[PDB]
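S.K.:
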Amino acid sequence: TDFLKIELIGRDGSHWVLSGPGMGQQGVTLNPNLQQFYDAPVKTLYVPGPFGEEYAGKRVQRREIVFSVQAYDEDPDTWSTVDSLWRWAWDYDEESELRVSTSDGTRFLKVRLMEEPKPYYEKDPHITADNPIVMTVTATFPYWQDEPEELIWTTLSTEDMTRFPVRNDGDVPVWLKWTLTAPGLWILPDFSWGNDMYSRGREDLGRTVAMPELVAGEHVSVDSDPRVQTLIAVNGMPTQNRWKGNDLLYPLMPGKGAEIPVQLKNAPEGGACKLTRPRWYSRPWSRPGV
Amino acid sequence: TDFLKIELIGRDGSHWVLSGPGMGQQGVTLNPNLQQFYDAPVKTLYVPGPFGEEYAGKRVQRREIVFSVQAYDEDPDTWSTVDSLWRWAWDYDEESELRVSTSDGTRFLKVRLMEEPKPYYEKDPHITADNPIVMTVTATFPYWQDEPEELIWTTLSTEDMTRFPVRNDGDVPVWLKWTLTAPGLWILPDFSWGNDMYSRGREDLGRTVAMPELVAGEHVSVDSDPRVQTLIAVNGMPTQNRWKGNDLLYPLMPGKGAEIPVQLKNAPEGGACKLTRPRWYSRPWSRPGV
Amino acid sequence: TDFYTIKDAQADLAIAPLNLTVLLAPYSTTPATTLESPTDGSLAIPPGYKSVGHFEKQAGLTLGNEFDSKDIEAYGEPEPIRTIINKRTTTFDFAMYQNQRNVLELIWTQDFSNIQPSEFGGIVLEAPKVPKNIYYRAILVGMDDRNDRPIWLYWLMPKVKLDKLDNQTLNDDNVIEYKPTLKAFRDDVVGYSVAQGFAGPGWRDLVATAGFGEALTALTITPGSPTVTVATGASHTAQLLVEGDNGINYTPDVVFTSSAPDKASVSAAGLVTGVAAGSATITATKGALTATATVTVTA
Amino acid sequence: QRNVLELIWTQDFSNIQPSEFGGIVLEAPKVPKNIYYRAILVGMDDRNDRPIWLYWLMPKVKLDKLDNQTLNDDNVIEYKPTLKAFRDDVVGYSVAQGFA
Amino acid sequence: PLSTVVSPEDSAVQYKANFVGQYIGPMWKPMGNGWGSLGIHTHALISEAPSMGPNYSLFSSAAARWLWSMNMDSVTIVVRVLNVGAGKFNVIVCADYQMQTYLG
Amino acid sequence: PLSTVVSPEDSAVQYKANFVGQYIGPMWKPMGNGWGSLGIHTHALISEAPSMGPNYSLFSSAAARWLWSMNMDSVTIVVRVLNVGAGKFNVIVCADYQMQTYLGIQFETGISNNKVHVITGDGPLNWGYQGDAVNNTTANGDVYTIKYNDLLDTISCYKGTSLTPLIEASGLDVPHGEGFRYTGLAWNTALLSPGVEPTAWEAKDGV
Amino acid sequence: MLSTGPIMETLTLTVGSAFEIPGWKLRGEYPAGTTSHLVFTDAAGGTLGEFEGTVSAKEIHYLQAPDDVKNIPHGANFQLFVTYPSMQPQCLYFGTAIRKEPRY
Amino acid sequence: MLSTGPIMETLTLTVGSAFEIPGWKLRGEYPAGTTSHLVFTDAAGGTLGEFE
Amino acid sequence: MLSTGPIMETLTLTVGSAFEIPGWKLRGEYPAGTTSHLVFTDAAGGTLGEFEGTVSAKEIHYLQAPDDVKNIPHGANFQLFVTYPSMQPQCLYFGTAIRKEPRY
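Quick look at the structure:
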């Protein structure tokens, strides 16, 4: 329909319209009954208790999307070209993008071939030149993503402070990324947003943590997401090694936002800071949350 | 169809056309619904991660092709002859060739009987003289192959150097084989082609490995394939013993190719080098990709 | 434009198989590519095809077409976007009366060529121990004769096999009929399972109306300067060919006339015979169209 | 006629060239061909010399099925196809009904 | 795709080395004399920057190979050097993996 | 969602060509005279490497453009050439996608015109001259380095190993930046025989 | 789809065989002065071959000797353009060129 | 759906081909003086094309 | 399909039997001056055989000798060209040769 568009951008950069306006122009359409596509799979944990089982937590799981496409053309040679291009648009080692566009915007999911595709009918595919390919793809990162919101603050002063407006309009917590120039001692916020995961939700309401004093040329990226080491220096220096066992602990919880303060000291040149707030969602489309 | 031609060369050299032009001329045709025939079965590994499970690599699996054939003739005696010939065309110990020829050329798979065939209907087959045989064959090497490309460089000089043009047009990495005459000191390329499988993808871009000095009559086969030993002396000498923990480590990655340098020194009577490059594909047919 | 002009219906394009016959040949017989004789366009049955004789009038002859179809469903569309015809099965059935050798061979799926009649002509046709899968070549040709210009419309099935045989009831007032159904298979040598064709002078009239090729608008003739001999010999007669702009020979359709019969006498078929030396004009006309040729005659 | 026969046989007979005497042979395709047409079903009701043209527009029709045809020495040969309408993307509908 | 993309092999390279940090760094691989044959000398007596050389606690000769290779045959090297005493200093280009053959 | 769209930080790029195979290849887009206006001349009489030029069987003046574009304004072109006759050979820098406006260095070989010029292009095959001309004799296997320096807005040509500019020019009115980073070659001869033509070509971003 | 595009198609090349596109496969309505050309391309954007078709009143014909199409490999891209008089060129058929021949 | 809204539609572009939208696709009644314009922008909103 | 392409096909060969392609299957309009050319080659490309058919007004007929076709093994590639007068050869059929004979 015109209310929903589905696209694939392969590992080679090819563009495919599986559903929506302009679907099938490249020869491949999407068949019904696609699974683990909308809601991010989550399993809940329970521990024995006096009244049965008590809530113990939640864990998000990777997506196992099994969907069928239909590759078609009038003549078998061109159908074979279309099928070869569709196969080339996929890989096991590298992921390809799957974009869903609605009135809520465009959100993408990075998927890779979980196993070998299952192509064609029982007879040879050149009879019909119109054959289904069953694809079992997987999403290691199960959340749907929008392009992250980025802000930049530059200062020529030796000591300065700024405030970044930040707000999670999605339904899942997001982990902030910082890019800080060097030299300079930075103090970054790690606000709890009332998150009681460490039983410190109210104690860490205004938590701030100081990065180690950066030497010249040691511009750092500070990624709070757990898939990645927190501190990484551009010149390869071991900044987190210098940083004495500290860490950024809290994500930006859904529905929370504030003007988080960033402090810069001991920066003779004057430095720059960049804040990247990811936009993760659990469904391809959803009305904004408040 | 004329867009696809499937043939079998038995272990005894018999030629059968199971599908395509000329099918059934030898009395055996191919039935529909043949499985694990097109895409090489690959399984992906996943380890636990922060957001479910994280991709950990892929492993290719051996092919288990289950298909069926019709052995047919008008008279039961000749049907019995044809059925016996079809059974003779197969074995467990030694492999038979299965060629698929399309507009993308001819690619073959070496297959062997995984278990005993399941022939005939519920009644005795001499009634119909037209009976199905269920074949469960297996491909230990799951990749569809073409004829390997062979290059020869012979020289009479004591010291010489050449450039072998090499290119991987397939979708999977291939392992090169060298046949070097003796005596003489050979230096062979082991370029990584950007492969980080040893965390030296660009450090080993122009890596060359010097084989041990060869005495007279010590002609060597240097196969980078992990299945076989790298250095094999034709006379049984332990040439690998004098090689000091060095090895050919890198395959020819897909889409990569150059003029790889081969050097020969200290060769009183010249020397000959033969380079064999396999042509492995994951599909019976596919358009060229780059 | 008015409704009649928009409809542009032609009744002459309705062909009624007033007569019809079925010819069966053994599978070794060379298949019939066409039923039109290359010489004069008459009906030419290839050797090896034998007719089955009469068949029941009321039952007629039924040509059954069966489609196996598969609907393709789209995720973003409620209705099926496409449908695929996997196969088209063609069969035909009729109720034939005669008790001849080929009819009985077809009915019993046996070869009765080795059946030798007894001393007094009696025969016995035993059914095979196991039914035999035998293929034949079928020609179903029917004639619609209008205004003495027949249209032969025919079906060529290079490979047919007995699919089923209807139950036969013996009634003391009706002759015994055999009602087989024959399924057509695709022949690899000729590349089709069933073909439909038309021929005859009536079809030659109706080709342009039906829309195959191009409409007849120019009536060309064989080279217009033929030399003929008065004396009897090889060159005492010359044949003229009348063709249309669409590559169709219209010699039987046109009318041959000679303005000077003394020089070259023209026959109906288009043969000019030299009678007296000089020059003659030969005219072949068809409706408004005409062709002319100046024939030279030498003693 | 040619369009009727093309619809019946799911083949394009534009390249069929009549023989020297006008005879033609129409072979059924190796595999049935999925061909789409555009259909106008227009009817006229003549009332007081003021006709009403009521019509159906099907921008995309395909031969869905073909019934068995019986040859009888007293009836002409008729081809009775069933045509299924699909939704055309360019016009946005599968079937329309109009009056004029 | 090949029009838009630029392959890593088809790209000019630019490498620098300062030795001002008084450590060898991970970009130099010792050759010939084996691991640990290189060193940094301060030259603090004169107003000069630290320089790379052999590990004179163990060896009097040494060689180092820049970890990564160039992408084209033509090459430019710029060395700012110090003549502390007597010795021979080779700048090596067009070398193989093990620095067996080169110009210098 | 993007705050700003910024052009990607394209790195320095390098290219080579030697004209050893049979035909020219798709990496050289012909211009001016259309497709099939380029060819390879073996020059086996003088025992030298094959060179690239016009196909003199049906053409006299021909231009070629490198398929890819430089990623930076400054550029270095190293060309090894042969002088097997009389003619003009143009090394083309900062051209557009159609070689309409470009800087270039012209090597003219002839009885009285053994010279080098700085040229500004008006179409692929038509050009005008800037500044004077420097006397220069070109022998087989001569290597010339044409550097366009963006910071100084200068075009210079050096011969062989010496670093002194054999020819130089500055301040010429040719647009730069994106869409004007294409390099190429051109050949113009009065006769139908090869003149001065390249056997080796290298391009590199920056100077 | 507000704007129409080309049709994806395939071309067949064979060694020793003349490359021909029959006019009945490119039937149309072409006024006098209508041109048509066909361009082959590799994956980098370089032209492997440019040909001009014979545009008649109601068809376009292509016919090339095998020498011309020898160098176009299997898997190359092709575009077919028709330029009506006083109008910009438009692409009718784009697609790929397969080589249907015995492989060696 | 009380208010008039646009229809999500796609456009097709080809290199070396004239971009064209046929008149029969953009139908409807347009009085004299009506002006239509097509605007192409990038991911950041910067205008990269405008046509009448 | 825009261009004219060869049809994949197989040729049967028998030891001690005369090779023959019946004319009723190679049908088509052949003007005077037409010729046919059947080429048999191996995996490398070496020409195993060249044969000329006897064309007629509507058929092409092939008839060789067992001595002529003895040297061609199973799996050898073949291609059948037809050359109309004042025209380049066009590959009607290509494919492979199988042997229908008692294997030895």
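Protein chains in written order, with the authors' numbering: chain A, 2 to 291; chain B, 2 to 291; chain C, 2 to 300; chain D, 101 to 200; chain E, 105 to 208; chain F, 105 to 311; chain G, 1 to 104; chain H, 1 to 52; chain I, 1 to 104.
Using N, Cα and C, we set each Cβ at its ideal position, and we do this for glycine too.
Tell me which residue opens and which closes the beta strand (DSSP E) that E260/B is part of.
M.R.: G258 to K266
S.K.: Who are the neighbours of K44/B on chain A, taking C-beta pairs under 8 Å?
M.R.: Simply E116.
S.K.: Indicate the three-state DSSP secondary structure (helix, strand or coil) for residue 56/D in the structure shown.
M.R.: Nothing in the structure corresponds to residue 56/D, since chain D is present only between 101 and 200.
S.K.: Pick out whichever of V124/E, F163/E and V183/E has its Cα sitting closest to the Cα of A148/E.
M.R.: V124/E
S.K.: With burial defined as no fewer than 16 other Cβ atoms inside 10 Å of the residue's Cβ, what is the status of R100/A: buried or exposed?
M.R.: buried
S.K.: Check whether the segment 129–145 of chain D touches the segment 46–58 of chain C, taking contact to mean three or more Cβ pairs, one atom from each stretch, closer than 8 Å.
M.R.: no
S.K.: Which two residues bound the contiguous beta strand (DSSP E) that contains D224/A?
M.R.: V221 to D224
S.K.: Applying a beta-carbon distance threshold of less than 8 Å, which residues of chain A neighbour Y76/C?
M.R.: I7, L19, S20, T30, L31, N32, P33 and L35
S.K.: Between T240/A and chain B, is any beta-carbon pair separated by less than 8 Å?
M.R.: No, its Cβ sits nowhere closer than 8 Å to a Cβ of chain B.
S.K.: Buried or exposed for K133/F, going by 16 or more other Cβ atoms inside 10 Å?
M.R.: buried
S.K.: Between the segment 80–88 of chain A and the segment 12–21 of chain B, do at least 3 Cβ pairs fall closer than 8 Å?
M.R.: no
S.K.: Pull up the distance between the alpha-carbon of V300/F and that of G46/G, whole angstroms please.
M.R.: 25 Å
S.K.: Can you give me the start and stop residues for the alpha helix (DSSP H) that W89/B sits inside?
M.R.: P77 to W89
S.K.: What is the rounded straight-line gap between the Cα of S225/B and the Cα of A44/G?
M.R.: When only Cα atoms are considered, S225/B and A44/G end up about 32 Å apart.
S.K.: Does the pairing of the segment 234–248 of chain F with the segment 5–21 of chain G give three or more beta-carbon distances under 8 Å?
M.R.: no
S.K.: Evaluate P105/E with the Cβ neighbour count: other Cβ atoms within 10 Å of its Cβ, from every protein chain shown; 16 or more gives buried, anything less gives exposed.
M.R.: exposed
S.K.: With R138/C as the anchor, note down where its beta strand (DSSP E) starts and where it stops.
M.R.: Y136 to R147
S.K.: Flag this pair as yes or no: are the beta carbons of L177/A and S193/A separated by less than 8 Å?
M.R.: Between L177/A and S193/A, the C-beta gap is not smaller than 8 Å, which leaves the two residues out of contact.
S.K.: To the nearest whole angstrom, what separates the beta carbons of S260/C and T282/C, a pair I think is in contact under 8 Å?
M.R.: 4 Å
S.K.: Within the 8 Å Cβ cut-off, does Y127/F reach chain G?
M.R.: yes
S.K.: So, helix, strand or coil for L114/A, using DSSP?
M.R.: strand
S.K.: Identify the continuous beta strand (DSSP E) that holds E8/A and give its terminal residues.
M.R.: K6 to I10
S.K.: Does the separation of the CB atoms of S104/B and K100/G fall below 8 Å?
M.R.: yes
S.K.: Which residues in chain F have a C-beta closer than 7 Å to the C-beta of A32/H? List them in chain order.
M.R.: The contacting residues do not exist; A32/H stays about 39 Å from chain F at best.
S.K.: Give me the chain H residues within the contact set of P6/G, using Cβ-Cβ distance strictly less than 8 Å, ordered along the chain.
M.R.: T14 and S17
S.K.: What did DSSP end up calling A140/A once you bin it into helix, strand or coil?
M.R.: strand
S.K.: Count Cβ pairs between the segment 251–263 of chain A and the segment 114–122 of chain A that sit closer than 8 Å; are there 3 or more?
M.R.: no
S.K.: Could you tell me which chain F residues have their CB closer than 7 Å to the CB of residue 142/G, listed as they occur along the chain?
M.R.: Lying before the first or after the last residue shown, residue 142/G is absent from chain G, which here runs from 1 to 104.
S.K.: Cutting at 7 Å between CB atoms, please list the residues of its own chain near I72/I, excluding the five before and the five after it.
M.R.: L13, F40, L48, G49 and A97
S.K.: Determine the closest residue to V229/A out of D248/A, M238/A and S81/A, with distance taken between C-alpha atoms.
M.R.: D248/A
S.K.: For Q169/C, does the count of other Cβ atoms within 10 angstroms reach 16, so buried, or fall short, so exposed?
M.R.: exposed
S.K.: Would you say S115/F faces chain E, with C-beta separation under 8 Å as the test?
M.R.: yes
S.K.: Mind listing which residues of the segment 42–76 of chain A have their C-beta closer than 9 Å to chain B's C-betas, in chain order?
M.R.: Listed by position along the chain: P42, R60, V61, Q62, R63 and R64.
S.K.: Can you tell me whether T180/B is helix, strand or coil according to DSSP?
M.R.: Residue state for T180/B is assigned as strand, using DSSP reduced to three classes.
S.K.: Identify, in the order they occur along the chain, each residue of the same chain with its Cβ nearer than 7 Å to the Cβ of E113/E, setting aside the five sequence neighbours on each side.
M.R.: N175
S.K.: Between the segment 42–70 of chain G and chain E, which residues of the former have CB atoms less than 7 Å from a CB of the latter, in chain order?
M.R.: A43, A44 and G45
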